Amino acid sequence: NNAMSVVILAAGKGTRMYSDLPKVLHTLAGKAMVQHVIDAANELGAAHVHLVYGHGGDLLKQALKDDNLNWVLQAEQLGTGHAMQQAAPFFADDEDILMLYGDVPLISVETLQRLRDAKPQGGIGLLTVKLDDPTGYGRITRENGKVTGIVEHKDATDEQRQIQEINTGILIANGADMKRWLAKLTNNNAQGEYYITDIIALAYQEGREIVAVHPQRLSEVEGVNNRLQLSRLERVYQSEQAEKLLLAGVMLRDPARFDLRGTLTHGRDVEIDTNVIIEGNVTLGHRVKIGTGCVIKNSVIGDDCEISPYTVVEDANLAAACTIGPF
């Protein structure tokens, strides 16, 4: 596959988070939302990762210091199209440019890879989902099947204002192409701002093809504007991790009362009781039993160990066959 860079849009104010911490730094399973997106970008092979931010520059730079990111400031809040224009000067004409959002944390590498496979030569790869209630969401215009553009809800007509397929806002296309379309955006809009969604029509008019793809899960493209929404995505992710673990052979006594905020390495026949929380990197050897309510953090627990209820195990390497607690 061709070289590619990634643009991560994190320019919003995050007002409904009612917080002093930049919205995209709020954590999902212990890792900042944007870090989840940055890791997926790196896993894909992004040659560069451009991060476009509104305010909170210092906090962001401070928090993401361990990553090699190209910081792109968006002086004013003029929308995604305007934000992409600020990054455009850094796009190579050889590479594909994938655009993601710092507040859509669960987007999977697997899905982004198919989006990358479906991008036609000279065209665009568009990620979309079938939602019955497009109210608010931008609608996908098609002609005899093929994608023609996107019509922003406020700009959609009653007639088209009931199209079901929705724009996730995630897409990929060649850098030179992107630079071209981005230059041709305009403000004579519902809200005097450049619409990034316009590049879809611009590319259709140039006679280029735009292929639409769908994610395995709707959760992969859910965005976060407030804490009620983050908690909801947190639950979906925990639930997904729990199901994978049970299918993989780890007995969770109640997957709805389990939280993994890190990386779990486990052996065979491990049992985890209710309300357990796993943090950082944790390894549980074969037949380890974790009592209800334990918090295991950055520790390695040997084969056959048993941890009593409500034990906090931190920065510990525990010898095999251990018996931790009274019970």
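Numbering starts at 1 and follows the sequence shown.
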Mean C-alpha B factor from the entry: is it higher for 304-312 or for 7-15?
7-15
Of 165-173 and 236-244, which one has the bigger average CA B-factor?
165-173
Top residue by Cα temperature factor, when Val224, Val250, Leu98, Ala203 are compared in the entry
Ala203
Which listed residue, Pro255, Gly79, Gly207, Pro105, has the largest C-alpha temperature factor in the record?
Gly207
Of the three thirds of the chain ranked by Cα temperature factor, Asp67 occupies the highest
Sort the modelled residues of this chain by their C-alpha B factor and say whether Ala83 lands in the lowest, middle or highest third.
middle
Thinking about Cα B factors across the chain, which third does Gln229 belong to?
lowest
